[PDB]
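Participant: Starting off with a structure, shown below.
Values quoted throughout were computed directly from the atomic coordinates according to the rules given, and no laboratory measurement underlies them. Cβ coordinates were reconstructed from backbone atoms using ideal geometry, including for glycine residues, and neighbour counts include every protein chain displayed.
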């Protein structure tokens, strides 16, 4: 048994996120100039708008013809009058007046354009028609639909390489480039304005490492060196530098803008080494004559070797602490997921834990792929393949993209949806259906009861005494009464 | 709330399998000759068969004695006439004729042997008895039971060390050695034939590394070197080579067949180093006099050190990307599995997440082991220990084997089973019972209803109006009628 | 389909725990003197007790006044008479006699102290009152409440730094320091006695590594060396040693007691290097003049480099075997947990696997925090936020502590609870509610039936024929009978 219930409940705990502890093996630093939109990059680059139209002409009930257009039609232009919106930076609403008619009906039927900016202007959804044989235009010029009230979905703020300038773009679905951020906009037009967007332009050094470029030959089926076969050395060598920044390990070139997300560095070039003035003279002109003194070079190397050794040691220890917790993670999650030990072993089998240390393998084997999820007998839903009752829900299974779980650049877009906001204890779920309906199931077992004997042949059909059969017996008995009506 | 439903559904994604990116730290290559059964190794080594017998003698109803043997008896010989089956390579079916009698009854009762091969011969399951007081032999010589229509279970094709020759064996349950593969066979005999089985015998170089063998002393409680205490050097040293191949890291010996699965190399020996002609002269006769020139040796080493440093850097970065995703994997799977943080911490406790960052520890402690799953009060099934209703299902819990999750050599064998093949949306499961019966539970809650008030004292016993009690009231009332039969 | 059922069930398997395989890169050993309470440290340091009192004076029914104190009051002193309990080492129970009265009532009302030790003395829970207008003292001096019958919860046995001496403390909730172990005690007092507690005091060498301490400057925004800018060397350098022991990687100081759990070493100092007598002369006075001979130093380094290279190789291979099994672990657990790929990618989205290789992302976005789990509309329970029926169960969500999943020092304390002991197949659970009630749900679907047609308008209200309505029809019909009582 041992259902450990709650009396002496402890203090709450939190699993702290991983903090990077880079090894101290770097010896060379460069001079770079970081830039960052990110924080001081709140949202602005172009715009958004929205348009309502409501022109109508109430024909009436005799002249039934009223073919009018009270509709939610977002006429969406682009950066034409944005440099004038930049002088007001708000919602320029056109004619909010309604109920035009006849010749001067160019209020709710005219050009859907923007002239007068208001702070928090909105719509009234004009629909009132009261002019028989005349026109009732109902354009309130809808205003106000922004963001998701917290950031904006479909992208985050980043920079892109543009030879020299850093683009505030990022280019996925909806905007210039295509890039939505903190709070103005959803679509194309004008409502998108400075709220803190700048470029920090710092100056850091970016601890790094170097790599020599030695030409190679491909004689026979091997890879020699094209400097060791002939015995000649290399004049004017070239190196390649790899730098490390926050959670990032990239390759700094001579003069470019290597921007993976949101630092988008560019190099200046100072190169500050800290090994030894005589090991920085050997590893720049590698196999030359030079003037190096051995007595120092064979010293520094010793030093360096020790450091490398120590580095390995730390890694080993860390690797151990990662090789144990994983082994304990496949012994407590292999009891829930059946095909967990039938994925780590390559083959396809199903496990079954009979003992808390002993499991047993049953070979639930494999199936082909390339189908369309509608064929003779099987479909998926959650993980595998057992009975339902045929709603015919094909998906057609189009072609997919790679995601590369380790190196990730993927975000963006809404689907539908509402929020998960605050409180009132009626709102209880977990991860899936099984905690979506945990109260309902408990209610079912408790109230309905497993039903060992209670449901007494009630599951037969839909005619228990049809109610009024008993009622008609009742009426006929009531006549038996009356007593054959007191003896006729 | 926020149940994110589906309107703007994205493109399908796929998690790509891991691609190896070995570090460029190797400097020595050897000359090997790979061999591979694997692909061009389809199935063949010996055989399979199956036998039906049906000799009968219909005594009749008066002479009840009919003790005959229409049975599925697979008489299974071994490699006697296989070299003749290799001249036809098909199912040699014996006498398909039936209904023998009397003296010449040696058709369906005689030696169950194989003579005439047919392409797709099968059985008829002869059972017809029509000869009263005579014999009705019913041997169709059953033919046709092969594989699982996709590969063959119980093994895959590999090679084994046989001094010189590579065995196509692999030796687990059923065959020569014991090794079933692509498609002929299940059991012992003859039906198993060449379908593409060859040995490729390629020639690769297998990037590798070396290790020196220095003798050690055990003075006091330490481990010295038996070359540094006395100050003497080593003449004619010996090295040990470790090579790396596809997902494999093994130790190449002088002249052997080191075959871990399915490449089973063997060495020729060329040794092609790419460090320097003067560092390959120092690391072959280590502490000798030699003729090395310092000016070059202290250069190359510098080079080498840089490379090693760079290697560490890459590893560190990769390790970071593995130390974060794991930390995020124990914060979203610790809400489903209760005893997940009570396994990673050594002790036994149960977690409870009250906040999406805060969890709370309850100490569901430990139990002993060595039981037989039937004792006073607890059993297991899935993970732990709470109420059922006693079917008495002991397992007796025999002794187990180690699997060593990291280094795996384990496969093989069927249990029962059917296939999971194509379509029709009625077939919906996941991983366990909880998606085995997801439609049934939803149907239960919807149709049956939680039952707050509906089940009105119906769960009492099995006698609602016994139906005909109302019916008998009805009959007696019908007599009240007749009207006491119109006033007698 | 393919529900792989069980006919040919294999041998049971066990996932073996991780065994450490440290790399052979160490070259320096120290001389330490380990100590260990741990095994030969069974429990003892001070004590435990418990006290019952039962003095009463039965007034009766007329003189209702009986204000007496039969109570479970554990009067808990501390180490006063423990040095006398160390001469008997058992439960010293006071006066077990009861039923005192009048002036000589100092038996069950007097000082609750300990005088006479008995082997397995217990309580009788005296409550019998029989003396009207006299006193009935009922003190049995309760004895016997120890441990949890297996170890003692709230701590394990460890040592703490006390300048020189090793404390058997560990200091969490209940005892000297505060530290409970194998079996005597729960609370403060006397019952806690030697059962095998000693200190082994071994002598090991603890393979280790060194680190040089080079001063650094902070000119501009870089980190130079304060020995390379001026070109001067360092006299009398100082090193820092990092040692590795069982699953532990710590830093050994000059003369201290660095005790992380339960070895609590302290250093003696011998330093036994195995590199070369001339590389141990270069790396002690680093940039000095010395007397080193180059011809040997440039040899040993080569050797060392090879070793380091080989070490990296092994790590790489191991890292590969950890980078694959993880990738296969997020492709079979992402089908159960919805927000598993919406945690590894940083952003918040919900996955949906339509194909066994293809998944689809729906953006279930984020919520704020800092709440008290009772606000307008949402609460948690297991993982997320959907409907319940309002029990008002606020938690108030106090502040939490960090746990640092990798480096763990955290244990201790009970809550409630019972044991999970032996057998009888009625006891079946898994990890949560979903296997807490797996038999009940199956019983529900089977017995109650999904209810397509059976529940025939029975879910209306609580009045089916109110039973006796049919009964009263019956009585009135019985009068119709009697036959209007045989024609009046």
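Participant: Based on the Kirkwood radius over alpha-carbon pairs, what is the Stokes-Einstein translational diffusion coefficient of the stretch B:339-400 at 20 °C with 1.002 mPa s viscosity, in µm²/s?
Facilitator: Details: Rh = 14.1 Å.
Estimated via Stokes-Einstein, D reaches 152 µm²/s.
Participant: So what's the back-of-envelope 222 nm ellipticity for chain B, counting only DSSP H runs of four-plus at -39500 (n - 2.57) apiece and dividing by all residues, rounded to 500?
Facilitator: -4500 deg cm²/dmol
Participant: Output the peptides B:60-72, B:256-268, A:40-52 sorted from most to least packed, where packing is the average of other Cβ atoms within 10 Å over each peptide's residues.
Facilitator: Ranking the peptides B:60-72, B:256-268, A:40-52 by packing returns A:40-52, B:256-268, B:60-72.
Participant: Using a 10 Å cut-off around each Cβ of peptide B:275-284, what is the average number of partner chain Cβ atoms that fall inside? Each step should come with its number before you reach the end.
Facilitator: Working: counts 5, 4, 3, 0, 4, 0, 0, 5, 5, 0.
Average per residue, whole number: 3.
Participant: Sticking with this structure for a sec: Using only the Cα atoms of chain C, build the gyration tensor, take square roots of its eigenvalues as a ≥ b ≥ c, and label the shape rounded, prolate or oblate: rounded if a/c is under 1.5, else prolate if a/b is larger than b/c, else oblate.
Facilitator: Because a/c hits 1.5 or more and a/b fails to exceed b/c, chain C counts as oblate.
Participant: What's the percent breakdown of Cα-Cα distances in the stretch A:65-184 across 10 Å bins, shortest bin first?
Facilitator: Spelled out bin by bin, the stretch A:65-184 gives 11, 32, 30, 17, 9, 2, 0 percent.
Participant: How would you rank B:429, C:284, C:304, going from fewest to most other Cβ atoms within 10 Å of each one's own Cβ? Provide the component values of the computation, followed by the final result.
Facilitator: Numbers: B:429 27, C:284 14, C:304 22.
By the 10 Å Cβ count, ascending: C:284, C:304, B:429.
Participant: Something else: How well do other chains shield peptide B:473-480, expressed as the mean number of their Cβ atoms within 10 Å of each residue Cβ? Intermediate results must be reported in sequence, preceding the final value.
Facilitator: Numbers: counts 9, 7, 0, 5, 10, 3, 4, 13.
Partner-chain Cβ atoms within 10 Å, mean over residues of B:473-480: 6.
Participant: Another question, if that's okay. I'd like the distance between the alpha-carbon centres of the stretch A:151-202 and the stretch C:221-237, rounded to an integer number of Å.
Facilitator: Answer, in whole Å: 47.
Participant: Need the full-extension length gain, residue A:103 to residue A:88, defined as separation in residues times 0.36 nm minus the C-alpha distance. One decimal, nm.
Facilitator: Gain on stretching residue A:103 to residue A:88: 2.1 nm.
Participant: Could you tell me the distance between the Cα centroids of the stretch B:1-46 and the stretch B:331-348, to the nearest Å?
Facilitator: Computed from Cα coordinates, the inter-centre distance equals 31 Å.
Participant: Averaged over all directions, how much area does the convex hull of the C-alpha atoms of the stretch A:427-488 cover when projected, in nm²?
Facilitator: Details: hull surface 32.7 nm².
Hull-based average projected area comes out at 8.2 nm².
Participant: What ranking, highest mean first, results for peptides C:151-163, C:131-143 when packing means the other Cβ atoms within 10 Å averaged over each residue?
Facilitator: Numbers: C:151-163: 19.2, C:131-143: 20.8.
By packing density, highest mean first, the sequence is C:131-143, C:151-163.
Participant: When you look at the Cβ of every residue in B:234-243, what mean number of other chain Cβ atoms sits within 10 Å?
Facilitator: If you average over the peptide's residues, the count of other-chain Cβ atoms is 1.
Participant: Okay, next question. When the Cα centres of the stretch B:85-147 and the stretch B:245-296 are compared, how far apart do they sit, in Å?
Facilitator: Cα centroid of the stretch B:85-147 versus Cα centroid of the stretch B:245-296: 63 Å apart.
Participant: 7 Å from Cα along Cα→Cβ at both residue A:487 and residue A:369: what's the point-to-point distance in nm?
Facilitator: 9.6 nm
Participant: Here is a further query. May I ask you to compute the full-extension gain from residue A:65 to residue A:246, defined as 0.36 nm times their residue separation minus their alpha-carbon distance, rounded to one decimal in nm?
Facilitator: Details: separation 181, 0.36 × 181 = 65.16 nm, distance 6.74 nm.
My answer for the length gained is 58.4 nm.
Participant: What does the extension gain come out to for residue B:447 and residue B:133, with contour length at 0.36 nm per residue minus their alpha carbon separation?
Facilitator: Values: separation 314, 0.36 × 314 = 113.04 nm, distance 6.41 nm.
Net length gain for the segment: 106.6 nm.
Participant: Distance in nm between label sites at residue A:377 and residue C:235, each 7 Å beyond Cα in the beta-carbon direction?
Facilitator: Here the answer is 9.3 nm between the modelled labels.
Participant: Say a paramagnetic label sat at a point 7 Å from the Cα of residue B:400, along Cα to Cβ; which residues of the stretch A:332-358 have their backbone N under 14 Å from it?
Facilitator: From the stretch A:332-358, the list is A:332-336, A:341, A:351-358.
Participant: Here's something else I'd like to know. Compactness ratio of the stretch B:17-128: Cα Rg over 2.2 N^0.38 Å, N = residue count?
Facilitator: Values: Rg = 25.7 Å, N = 112, 2.2 N^0.38 = 13.2 Å.
My calculation over the Cα atoms of the stretch B:17-128 gives 1.95.
Participant: Separate question: Let me know the shape class of the stretch B:115-218, please: from the alpha-carbon gyration tensor, a ≥ b ≥ c as square roots of the eigenvalues, rounded when a/c is under 1.5, otherwise prolate if a/b is greater than b/c, or oblate. Intermediate values should be presented prior to the final figure.
Facilitator: Numbers: a/c = 4.57, a/b = 3.07, b/c = 1.49.
Verdict is prolate for the stretch B:115-218.
Participant: Just grab the label-to-label distance for residue C:463 and residue B:285, each label 7 Å out from Cα along the Cβ direction, in nm (one decimal).
Facilitator: Result for the modelled spin labels: 11.5 nm.
Participant: Give the shape of the protein assembly as shown as rounded, prolate or oblate, defined through the alpha-carbon gyration tensor: a ≥ b ≥ c are the square roots of its eigenvalues, a/c under 1.5 means rounded, and otherwise the shape is prolate if a/b is larger than b/c and oblate if not.
Facilitator: On the way: a/c = 1.32, a/b = 1.32, b/c = 1.00.
It comes out rounded by the Cα gyration axes.
Participant: Expressed as an acute angle from 0 to 90° and rounded to the nearest 10, what is the orientation of the C-alpha long axis of helix C:468-487 relative to the principal long axis of chain C?
Facilitator: Long axis of C:468-487 versus the principal axis of chain C: about 20 degrees.
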